[PDB]
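Notes for the one structure printed next.
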Amino acid sequence: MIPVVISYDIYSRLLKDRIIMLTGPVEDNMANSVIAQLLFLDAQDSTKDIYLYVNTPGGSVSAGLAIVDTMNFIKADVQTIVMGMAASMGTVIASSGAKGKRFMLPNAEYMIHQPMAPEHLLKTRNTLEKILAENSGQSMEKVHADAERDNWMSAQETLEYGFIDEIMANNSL
Amino acid sequence: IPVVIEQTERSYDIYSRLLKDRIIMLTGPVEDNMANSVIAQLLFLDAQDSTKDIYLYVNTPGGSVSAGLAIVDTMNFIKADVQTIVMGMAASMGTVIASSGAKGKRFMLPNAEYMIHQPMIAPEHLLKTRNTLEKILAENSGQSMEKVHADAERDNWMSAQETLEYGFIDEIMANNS
Amino acid sequence: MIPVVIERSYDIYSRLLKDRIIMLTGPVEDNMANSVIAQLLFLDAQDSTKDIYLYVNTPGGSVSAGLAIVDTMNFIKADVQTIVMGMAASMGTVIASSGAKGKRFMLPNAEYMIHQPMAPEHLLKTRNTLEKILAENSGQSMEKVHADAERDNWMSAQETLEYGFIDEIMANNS
Amino acid sequence: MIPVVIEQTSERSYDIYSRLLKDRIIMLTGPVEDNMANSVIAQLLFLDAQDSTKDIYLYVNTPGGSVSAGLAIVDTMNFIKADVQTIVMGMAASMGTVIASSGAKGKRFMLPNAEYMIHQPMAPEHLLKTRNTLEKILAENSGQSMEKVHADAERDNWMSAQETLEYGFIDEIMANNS
Amino acid sequence: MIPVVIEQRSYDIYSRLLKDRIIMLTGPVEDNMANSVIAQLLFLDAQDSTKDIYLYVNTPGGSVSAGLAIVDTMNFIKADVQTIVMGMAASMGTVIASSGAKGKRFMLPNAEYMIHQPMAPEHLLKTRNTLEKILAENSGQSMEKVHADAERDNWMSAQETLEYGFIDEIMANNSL
Amino acid sequence: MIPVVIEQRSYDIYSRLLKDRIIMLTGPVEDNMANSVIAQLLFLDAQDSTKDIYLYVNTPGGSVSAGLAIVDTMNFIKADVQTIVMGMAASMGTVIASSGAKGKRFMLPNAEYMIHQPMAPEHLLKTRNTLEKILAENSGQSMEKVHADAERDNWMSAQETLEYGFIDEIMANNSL
Amino acid sequence: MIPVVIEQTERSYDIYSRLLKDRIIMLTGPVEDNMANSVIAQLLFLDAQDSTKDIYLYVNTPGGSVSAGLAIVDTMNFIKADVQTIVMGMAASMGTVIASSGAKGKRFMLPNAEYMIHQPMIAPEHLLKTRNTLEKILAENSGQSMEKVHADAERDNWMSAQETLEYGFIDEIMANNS
Amino acid sequence: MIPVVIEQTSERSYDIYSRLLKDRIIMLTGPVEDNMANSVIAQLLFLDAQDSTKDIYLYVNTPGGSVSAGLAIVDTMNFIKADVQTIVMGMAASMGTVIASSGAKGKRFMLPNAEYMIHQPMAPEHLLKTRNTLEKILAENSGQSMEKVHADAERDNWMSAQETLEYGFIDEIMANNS
Amino acid sequence: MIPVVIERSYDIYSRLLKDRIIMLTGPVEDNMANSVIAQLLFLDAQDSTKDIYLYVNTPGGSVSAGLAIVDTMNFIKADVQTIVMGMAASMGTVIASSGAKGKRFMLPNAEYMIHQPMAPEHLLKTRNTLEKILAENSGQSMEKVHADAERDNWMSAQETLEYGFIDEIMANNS
Amino acid sequence: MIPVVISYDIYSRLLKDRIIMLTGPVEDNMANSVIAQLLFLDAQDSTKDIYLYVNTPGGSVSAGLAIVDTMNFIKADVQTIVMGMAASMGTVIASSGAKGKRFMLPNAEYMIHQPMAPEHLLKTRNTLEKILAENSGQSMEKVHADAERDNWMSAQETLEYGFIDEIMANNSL
Amino acid sequence: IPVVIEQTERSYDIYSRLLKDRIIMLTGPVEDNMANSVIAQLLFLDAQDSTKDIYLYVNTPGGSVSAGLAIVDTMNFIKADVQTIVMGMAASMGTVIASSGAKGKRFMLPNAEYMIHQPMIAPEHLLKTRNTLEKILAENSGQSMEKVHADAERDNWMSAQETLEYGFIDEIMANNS
Ligand SMILES: [Ca+2]
Ligand SMILES: [Ca+2]
Ligand SMILES: [Ca+2]
Ligand SMILES: [Ca+2]
Ligand SMILES: [Ca+2]
Ligand SMILES: [Ca+2]
Ligand SMILES: [Ca+2]
Ligand SMILES: [Ca+2]
Ligand SMILES: [Ca+2]
Ligand SMILES: [Ca+2]
Ligand SMILES: [Ca+2]
Ligand SMILES: [Ca+2]
Ligand SMILES: [Ca+2]
């Protein structure tokens, strides 16, 4: 464990203040840690916001969509904050945050391409694209068309597209 | 392993703090070791208070039949009703487990997927066990065993909507937004 | 094997964190970078008016993670002093450079390397972004930085002060 | 297998190294690299913050290692106003000698059967630059000429405790009191 | 960690013995275990340097450098360090054990002892001379004869070892 | 190489059969074995394209790309390529075997057949459509029904396979 | 490693190919696709050379792959040439199905060889059908009820040359000529 | 398992590929890299030395690979005055397409179920330079605009045999004569 | 899997050796380098008056082995033409460059890289030795070569002809 | 095998003309191949010279000294030719060639440091130094003193020291 | 594996061309596989012509006692005298083998080294075998077995000069220059 007082992580201090770090590739283990943290924070107080910092290259669709259904299901609004990068399921997750409370760091980048029986994979990619469309107010056909490209979007581009609501300040100037 | 502190200064991990609220996390492949943890958790909560419900969240690809069935039998033995919430996916033994949750109280998240195919010592043993898993599946859902046997003989992923239709869950959980 | 101070049982890095010190060591990659960030966010919430002291000793590494440190440093109100010890290369200088003006130090024997190693068009956009940050942090031109960085060229502390990546070289008090 | 020590107060529990850290003892052990160095430097910064007037005891037993990690230790030792004593046990080789010899003057010790080698093993023109730097520190630390240190360092001989006193890298050999 | 007790990481059997000034030096001699041993020796001495220390030794041998750091530390501290050989002591093992406070070096009766030290060649010869010198200082036998006997791979019974001078008493079989 | 004969590397049992226009396609379908098979097919055709070729097939399946290169090469050359299934034919196996000159596709009586083809998803679906199309062309059955039966993991006896249309005759048990 | 021999017409043959000229094939080790495709290759060769001359197939295997074993049996049964079998050392599982499918009257076994007709074994209904087939073949080859072969094949017991004769799986035990 | 072919003369022995090399057939197979390329180029240089007026048949089946190894093949094909025909079988991807499309004009074929992908997977500013080069060759080879090829190459779709005729990378699809 | 021509059974590289062609591929290291040398020594003994054609396609590698090829080329009387195909970097250009004057070719799409990557004083003596050879082979100054080589800079065939590392770019005859 | 006619190496062609390549690290296997080649060439004609090309970083002392005793023992003079480098036992071998017939390529380098029970290793290093002294006409004390350094010698330096007799020409000028 | 061609066109490797001149190369660790090659070579030469000598060059660290002794017994059984030439080193079984060469005809190169220590199933077997190897060593050299046993109980490397003194070889081979 890293910065440790006594087992008591730096991350566990941030959790007292309702913050959750989503970090590294999304696979079942970290997803269930994030999910447990959400059900816990909801149960403590379903009326205070939760702040879900996201920095992931992506990964498992099943685990990522489980975090997402968990997010939607808990009454508490889950703000999301992209830092460094969100790709693959990282964009599905981050964009599914509460409309008006989705943020992003200025130098971070965003990537909505979803790399994946094949009949089923195609269905899943459609559900995933459907969701990015609902999250951005954009048309499904636009998202499908934009996603098949392997282009990274700036925070400015991600804002104009609708996946987020404000880019974080450079409070040093 | 994030950590939650309570004051009066003692220190749970997050899964343990949920267990104080009677939540259990059945996650990853079903094998003996994680199945024992779940079974000990179940026995412990029931003894602590057999009136309150237990909430078993299931996100699993399946795994050993033996270990899954020990989980089922424990859920069925203890007095406390075991709700099951399928998140992510429930494949093979996953569905045997989640569907054996107390009827009226089997939930699934909107985007979870389901799979009742049961992949599989002697061949006539494998048959008996596979009929047994289908036999439980059929009882759980309200369907005939012939029905279950032909639909478990394909690699059909089921949506939550299809899972409710078929009878393995009672309720799709909501999206609040 | 990380030592412990009772005050109740801090590890040596947690103890230094009470005094608002964060250590940044080894290669910059997602996990260590997400740790430094969690400490910065934690420290900013504790007190936004008090300065944070960030020691920096790294060969560099991932642009994504390192640019997450820079942004977090910039996002929080609390000024982030940076102390370079041993070395700072590649992303390490982008981070150390981005300390609050006047509050960027370096130990006498440390070394600096502003070279940034690395989808082709995308790589070229990322390198322009880093060289732009380094120019703003040094009061130098983008053309000067671009030329100095395509050398593999180590810089003493004196040289690094002249360039203006730091503000003060710290003492040899013995 | 790190033994712990129970002290009874108001009951606390230290591993042995952390117990020694209460008496301002740091253990520089094994190869020098970015992690163990970071740990040493953190201990140095802590102790000094507690009390700049009480000394620090750095026991040294290393084959040497990374030049940049070693120079970060050296530079922390010099930056903190607290005097850092060095005690070479077993061996100090290469970066271990630049470290040990930078201990406060008059307070650099070495066990009798320990050994010392000041050779500094090494992109071309940079390697030359750091080697001059390392030899320059070794020279200032021993009151010798850099010319001299350059000659001796390259010849890959080990020095006994006695020879290392004669050279100027330590100030005292600790005794055989038993 | 084994077998353990947590507090009113954990308080294992070696930490409990260490409370009675008992240090256990086992397995091959290398830098990590030697640094643990040296830190234990400096600790105990700091607490009371008029009280003996009991160093149990069971080791195939290993690093000369680390073994000599253990030996010099034993000799630096004013507290006497008794040594007890159990099972085997070989190479740096013997150099370490035979350096126990004179009068207070013991061996178990079926333990075995081997003074052979397997090893740039000018430097290997030099450290070997140091070890053989120390062995002779500890035993009361001449360097020439220590050198002769180490150049062979014979194990020594506790009786051969006491007669040689590396130990002071064999511990008894007390079921007799 | 096995069992071999050197000359008046060596002349192994497969080279000897190849003299009688017999090609053996075995193990998983991958690029190296497929290139050997294609080179054999082009060789034999060049020597005499009016003389049949006998391609023995025993394979779990494998690379679609390589399997389709074997199939197109069979079809390009004017020489008819008889195919004989032995042991098993699965996936690209069946696609390859069922593409034998019509009238001249055989199977051993205890051999087994499996038309399921395990597999960017738009492209995986596309190649799967190609295979299923070919299976239907070779069998005389509809794509719909080929698609239905391939979506299941059932092995087929030589009798089920002849009735389905992938083969033309089952070879006899001649010890009767 | 395996040695070489010359024959006249001036040609090298490895010992196995020399034995092939006498229509002898050697089947040894676990039944898997490589060795089984090699035995089949050989059997096709002999059939192309002369479809009426007898073939002599030596068998020493603990069994293995069902698909590849049945490929051999079927190739043996397809070609009109009588395939004689000689079990040596052991024949177990597919080995007994292979050896017992030799031409009636021409299945042999060495006096200390051992037989074992138990068949161990991807979907489960298919595995059951496959085992029926194997016992069906064993029944035919021995002239016994499938019922009896089922019971006897469950046991996992080892038969001697003489017990293999009594069962009907072989026709003659070969002599000790000393 | 490379079969050999015996021809009787005055008795010689070719592996199948070397036998095909007598008819001026070369097999470009597997990933493109420095070794298999060297072998191809050596075959190209040999055949051409024998007779500059007889054509060369390069069958192609590769996932692509090294750009410099591929461009060495391409440049040998163009340097030798002998016309090199290309036949894509199975697949040609990436460097395999730059190679195949540089076959003599009118003599570039492709099997019906084969597939073609002209995406060229990629130190920064150099990678841009070679990608322009590769697209420039692809453009000249297909009579298309480079703008066009740049658009289509980056979109990572596969092309059927028919589509590849429509594009200009081949001249003929070989038939299903059976 | 190296093809064969009967003439009695040459492998494709031995057959080309009858025509005095040697191929130089992959990384330059002791074993392949000792092979090329054995071929050069063999070919020189066969006829010292006839030219040898050396094809060169390599990323570079060991200085010792590569400098053994250069010396062997220089030691034998028979002129050694060098044909660069694909690429020649680092030691590969020292070798290709050292072909006989007028007889140093390059295929149109090949690339050149004169950078030479690498006991510190010794490394610096070796790099001066290589840069000195490259200067003599190109008719350029040691200062020019030294500056151009500390870039990581790929050269087209045109650029390489201008520099004077080759004499002719060979045709695209299609 | 490399440039192959028929098993028949490029190296085996050079051997018809009495040339032997010594290459890679000297260990027992390659040493016994070199030794077999020497006894063969001696037996064919003990009056024609043998040409031993050497390019080795060094290695096993026992195997290297076996090549050397073999060289001295066969009546035929063994010329040696250093190319690329000779280090450790490579210098013992190369320098033990017939006095007046030891050659070296102009850019090759040479290294007489001999890196190695310790009492025995020291004896072996002395025998090795003894031999380099006999081979160069230099004093043993000079060789010992020069060898403990890890310095590489030029062909010019190696000539002035006496380990060789002529540096090969650059016949391109 | 360099190759030698003879003309009348047939092609030996170098070790095989030496074998035509009755030379055998016992090299590397003594194990069963290389020992068989040597034994086949020995049997083959003796049958071809039992009057001419065989020249066994030995450069070996030692190895299996079993396999070495099979080599010795073959050298001693066949009629043709087996000269042995120690080059590089001869340790353990190496020395048992080389010293069992036909007396008068055991050679060693000037710089070769020798080692009769024999490093070593049940302990009383190891003893019998070790006495047997010493017993052969003693017979070979002309020394008593007590002598051999105490000198084989050290890690003494022997020079050629010491090896001639002691009796394991007949002649140090010359340096011509
Ligand atoms: Ca919510
Ligand atoms: Ca809301
Ligand atoms: Ca219940
Ligand atoms: Ca700030
Ligand atoms: Ca003491
Ligand atoms: Ca004494
Ligand atoms: Ca056809
Ligand atoms: Ca049809
Ligand atoms: Ca038959
Ligand atoms: Ca020349
Ligand atoms: Ca000679
Ligand atoms: Ca002479
Ligand atoms: Ca004899």
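Convention: chains lettered A, B, ... in structure tokens order; per-chain residue numbering from 1; ligands numbered from 1 as shown.
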
Inset, instruction - From a DSSP pass on the backbone, collect the residues of chain B flagged as strand (DSSP E) and hand them back as a PyMOL selection string. - result: chain B and resi 3-6+10-13+23-27+54-60+82-91+106-108+113-115+171-172

Legend entry - Site check for ligand 7: residues at most 9 Å away, only C-alpha atoms and all ligand atoms, as a count of residues only: 20

From range 10-175 of chain E, collect each residue whose DSSP state is helix (DSSP H, G or I) and return the set as a JSON list (two decimals) with C-alpha atoms, in the first residue's frame.
[["chain", "number", "residue", "atom", "x", "y", "z"],
["E", 13, "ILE", "CA", 9.08, -16.11, 17.61],
["E", 14, "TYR", "CA", 12.41, -14.50, 16.74],
["E", 15, "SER", "CA", 11.28, -11.14, 18.12],
["E", 16, "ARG", "CA", 10.22, -12.83, 21.33],
["E", 17, "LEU", "CA", 13.60, -14.41, 21.78],
["E", 18, "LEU", "CA", 15.30, -11.14, 20.92],
["E", 31, "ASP", "CA", 23.93, -8.92, 2.97],
["E", 32, "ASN", "CA", 20.22, -8.71, 4.00],
["E", 33, "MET", "CA", 20.31, -11.30, 6.82],
["E", 34, "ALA", "CA", 23.68, -9.84, 7.96],
["E", 35, "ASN", "CA", 22.24, -6.35, 8.18],
["E", 36, "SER", "CA", 19.33, -7.65, 10.24],
["E", 37, "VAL", "CA", 21.86, -9.39, 12.52],
["E", 38, "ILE", "CA", 24.10, -6.27, 12.82],
["E", 39, "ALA", "CA", 21.09, -4.05, 13.58],
["E", 40, "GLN", "CA", 20.05, -6.54, 16.29],
["E", 41, "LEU", "CA", 23.56, -6.52, 17.78],
["E", 42, "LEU", "CA", 23.83, -2.71, 17.88],
["E", 43, "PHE", "CA", 20.30, -2.53, 19.38],
["E", 44, "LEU", "CA", 20.94, -4.91, 22.24],
["E", 45, "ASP", "CA", 24.31, -3.31, 23.02],
["E", 46, "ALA", "CA", 22.72, 0.16, 23.17],
["E", 47, "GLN", "CA", 20.14, -1.10, 25.66],
["E", 64, "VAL", "CA", 32.90, -12.96, 3.17],
["E", 65, "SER", "CA", 32.16, -9.25, 3.18],
["E", 66, "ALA", "CA", 28.84, -9.64, 5.05],
["E", 67, "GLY", "CA", 30.24, -12.30, 7.40],
["E", 68, "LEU", "CA", 33.13, -9.98, 8.34],
["E", 69, "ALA", "CA", 30.68, -7.12, 9.01],
["E", 70, "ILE", "CA", 28.89, -9.39, 11.51],
["E", 71, "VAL", "CA", 32.24, -10.31, 13.07],
["E", 72, "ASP", "CA", 33.57, -6.73, 13.37],
["E", 73, "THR", "CA", 30.24, -5.60, 14.87],
["E", 74, "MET", "CA", 30.41, -8.42, 17.47],
["E", 75, "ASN", "CA", 33.93, -7.15, 18.33],
["E", 76, "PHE", "CA", 33.06, -3.41, 18.36],
["E", 92, "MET", "CA", 32.03, -17.83, 7.26],
["E", 93, "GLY", "CA", 29.91, -19.73, 9.78],
["E", 94, "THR", "CA", 33.11, -20.88, 11.58],
["E", 95, "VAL", "CA", 34.77, -17.49, 11.27],
["E", 96, "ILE", "CA", 31.68, -15.91, 12.89],
["E", 97, "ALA", "CA", 31.09, -18.58, 15.63],
["E", 121, "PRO", "CA", 42.72, -13.79, -7.63],
["E", 122, "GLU", "CA", 45.18, -11.58, -5.71],
["E", 123, "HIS", "CA", 42.21, -10.28, -3.73],
["E", 124, "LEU", "CA", 40.64, -13.74, -3.19],
["E", 125, "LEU", "CA", 43.92, -14.91, -1.72],
["E", 126, "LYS", "CA", 44.08, -11.76, 0.42],
["E", 127, "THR", "CA", 40.66, -12.21, 2.02],
["E", 128, "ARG", "CA", 41.41, -15.88, 2.49],
["E", 129, "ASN", "CA", 44.54, -14.97, 4.42],
["E", 130, "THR", "CA", 42.38, -12.71, 6.66],
["E", 131, "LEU", "CA", 39.94, -15.51, 7.44],
["E", 132, "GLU", "CA", 42.69, -18.01, 8.14],
["E", 133, "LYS", "CA", 44.41, -15.44, 10.31],
["E", 134, "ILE", "CA", 41.24, -14.90, 12.30],
["E", 135, "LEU", "CA", 40.69, -18.64, 12.60],
["E", 136, "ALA", "CA", 44.17, -18.99, 14.09],
["E", 137, "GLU", "CA", 43.67, -16.03, 16.49],
["E", 138, "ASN", "CA", 40.41, -17.67, 17.73],
["E", 139, "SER", "CA", 41.77, -21.22, 18.12],
["E", 143, "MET", "CA", 48.34, -20.15, 10.69],
["E", 144, "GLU", "CA", 50.40, -22.82, 8.98],
["E", 145, "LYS", "CA", 48.26, -25.61, 10.49],
["E", 146, "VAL", "CA", 44.99, -23.71, 10.06],
["E", 147, "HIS", "CA", 45.96, -23.28, 6.41],
["E", 148, "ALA", "CA", 46.77, -26.98, 6.14],
["E", 149, "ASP", "CA", 43.42, -28.18, 7.59],
["E", 150, "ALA", "CA", 41.21, -25.67, 5.70],
["E", 158, "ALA", "CA", 32.01, -31.18, 18.27],
["E", 159, "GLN", "CA", 34.81, -33.12, 19.98],
["E", 160, "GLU", "CA", 37.36, -32.45, 17.19],
["E", 161, "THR", "CA", 36.28, -28.76, 17.32],
["E", 162, "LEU", "CA", 36.77, -28.35, 21.08],
["E", 163, "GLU", "CA", 40.21, -30.03, 20.84],
["E", 164, "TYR", "CA", 41.08, -27.73, 17.94]]

Inset, instruction - Considering only C-alpha atoms, return as a PyMOL selection string whatever protein or nucleic-acid residues lie within 8 Å of range 97-111 of chain B, sequence-local ones (same chain, fewer than 2 positions apart) excluded. - result: (chain A and resi 65-66+69-70) or (chain B and resi 58+68-69+71-72+75-76+81-88+90+93-95+113+136-137+140-141+159-161+168-175)

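Here CA of residue 117 in chain D stands at a distance of 6.1 Å from CA of residue 94 in chain D.
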
Legend entry - Spatial neighbours of residue 84 in chain C, 6 Å, only C-alpha atoms, chain gap at least 5 places, as a ChimeraX atom specification: /C:55-56,106

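If you measure from each of J:82, J:147, J:117, J:132 to chain K using only C-alpha atoms, the closest one turns out to be J:117.
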
Find the residues around range 28-39 of chain H up to 7 Å (only C-alpha atoms counted), leave out those fewer than 3 positions away in its own chain, and share them as a PDB file with C-alpha atoms, in the first residue's frame.
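Output file selection06.pdb is given in full below:
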ATOM      1  CA  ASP F  31       0.533 -20.609 -43.491  1.00  0.00           C
TER       2      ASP F  31
ATOM      3  CA  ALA H  42      18.751 -13.810 -54.219  1.00  0.00           C
ATOM      4  CA  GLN H  43      16.238 -15.905 -56.174  1.00  0.00           C
ATOM      5  CA  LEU H  58       6.202 -14.319 -57.403  1.00  0.00           C
ATOM      6  CA  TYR H  59       3.378 -15.852 -55.435  1.00  0.00           C
ATOM      7  CA  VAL H  60       2.560 -13.621 -52.444  1.00  0.00           C
ATOM      8  CA  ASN H  61       0.960 -14.565 -49.108  1.00  0.00           C
ATOM      9  CA  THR H  62       2.089 -12.302 -46.255  1.00  0.00           C
ATOM     10  CA  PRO H  63       0.736 -10.171 -43.360  1.00  0.00           C
ATOM     11  CA  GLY H  64       3.410  -7.639 -44.331  1.00  0.00           C
ATOM     12  CA  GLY H  65       6.242  -6.581 -42.048  1.00  0.00           C
ATOM     13  CA  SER H  66       9.466  -4.598 -42.255  1.00  0.00           C
ATOM     14  CA  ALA H  69      13.122  -5.358 -46.235  1.00  0.00           C
ATOM     15  CA  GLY H  70       9.998  -4.922 -48.369  1.00  0.00           C
ATOM     16  CA  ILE H  73      12.315  -6.635 -52.660  1.00  0.00           C
TER      17      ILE H  73
ATOM     18  CA  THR I  25      22.166  -8.998 -44.166  1.00  0.00           C
ATOM     19  CA  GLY I  26      20.781  -8.550 -40.699  1.00  0.00           C
TER      20      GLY I  26
END

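Here CA of residue 9 in chain K and CA of residue 41 in chain K stand 23.7 Å from one another.
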
Legend entry - Spatial neighbours of residue 3 in chain I, max dist 6 Å, only C-alpha atoms, sep filter under 5 positions, as JSON, numbers by chain: {"H": [18], "I": [11, 12]}

Kindly save the residues from that selection, with C-alpha atoms included, as a PDB file, in the first residue's frame.
ATOM      1  CA  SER H  18      13.550 -25.531 -55.324  1.00  0.00           C
TER       2      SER H  18
ATOM      3  CA  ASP I  11      22.210 -23.294 -52.265  1.00  0.00           C
ATOM      4  CA  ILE I  12      20.969 -19.981 -53.704  1.00  0.00           C
TER       5      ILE I  12
END

Legend entry - Spatial neighbours of residue 140 in chain I, max dist 12 Å, only C-alpha atoms, sep filter under 4 positions, as a ChimeraX atom specification: /I:131-136,144-148,162-165

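Considering only C-alpha atoms and all ligand atoms, the residues that reside within 6 Å of ligand 10 can be listed as residues 73, 74, 76, 77, 78, 79 and 80 of chain I; 172 of chain J.
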
Legend entry - Expected answer as a PyMOL selection string: residues within 9 Å of ligand 12, only C-alpha atoms and all ligand atoms: (chain J and resi 49+75-78+98-99) or (chain K and resi 176-177)

Inset, instruction - Kindly provide, as an MDAnalysis selection string, the residues of chain K having any atom no farther than 10 Å from an atom of chain E, counting only C-alpha atoms. - result: chainID K and resid 153:155

Inset, instruction - Quick one: pull the distance between CA of residue 6 in chain D and CA of residue 10 in chain C, Å, one decimal. - result: 16.5 Å

How close does each residue of chain J get to chain I, giving the shortest atom pair and distance in Å to one decimal for every residue with an atom at most 12 Å away, counting only C-alpha atoms, sorted by chain and residue number, as CSV?
residue,atom,partner,partner_atom,distance
J:1,CA,I:35,CA,10.3
J:2,CA,I:35,CA,7.3
J:3,CA,I:14,CA,5.0
J:4,CA,I:14,CA,5.8
J:5,CA,I:10,CA,4.6
J:6,CA,I:9,CA,5.1
J:7,CA,I:9,CA,10.2
J:8,CA,I:10,CA,9.7
J:9,CA,I:14,CA,9.5
J:10,CA,I:38,CA,6.5
J:11,CA,I:38,CA,6.6
J:12,CA,I:38,CA,9.9
J:13,CA,I:42,CA,7.5
J:14,CA,I:42,CA,6.4
J:15,CA,I:42,CA,10.2
J:16,CA,I:42,CA,10.7
J:17,CA,I:42,CA,9.4
J:18,CA,I:42,CA,11.8
J:19,CA,I:38,CA,9.8
J:20,CA,I:38,CA,9.9
J:21,CA,I:34,CA,8.3
J:22,CA,I:34,CA,9.5
J:23,CA,I:34,CA,7.5
J:24,CA,I:30,CA,6.7
J:25,CA,I:30,CA,10.0
J:51,CA,I:41,CA,11.9
J:53,CA,I:38,CA,9.9
J:54,CA,I:34,CA,10.1
J:55,CA,I:30,CA,8.1
J:56,CA,I:30,CA,8.7
J:57,CA,I:30,CA,10.1
J:81,CA,I:72,CA,11.3
J:82,CA,I:68,CA,9.3
J:83,CA,I:68,CA,5.6
J:84,CA,I:64,CA,4.6
J:85,CA,I:64,CA,6.4
J:86,CA,I:64,CA,10.0
J:87,CA,I:64,CA,11.7
J:104,CA,I:71,CA,10.0
J:105,CA,I:71,CA,6.3
J:106,CA,I:71,CA,6.9
J:107,CA,I:67,CA,6.4
J:108,CA,I:64,CA,6.9
J:109,CA,I:64,CA,8.1
J:110,CA,I:64,CA,10.9
J:149,CA,I:119,CA,11.5
J:150,CA,I:119,CA,8.5
J:151,CA,I:122,CA,8.2
J:152,CA,I:122,CA,7.7
J:153,CA,I:122,CA,10.1
J:154,CA,I:125,CA,10.6
J:167,CA,I:75,CA,10.4
J:168,CA,I:75,CA,6.7
J:169,CA,I:75,CA,5.6
J:170,CA,I:74,CA,5.0
J:171,CA,I:75,CA,5.4
J:172,CA,I:74,CA,5.4
J:173,CA,I:74,CA,8.6

Inset, instruction - Give me, as an MDAnalysis selection string, the contact residues of chain C against chain H at a cut-off of 7 Å, counting only C-alpha atoms. - result: chainID C and resid 119:120 123:124
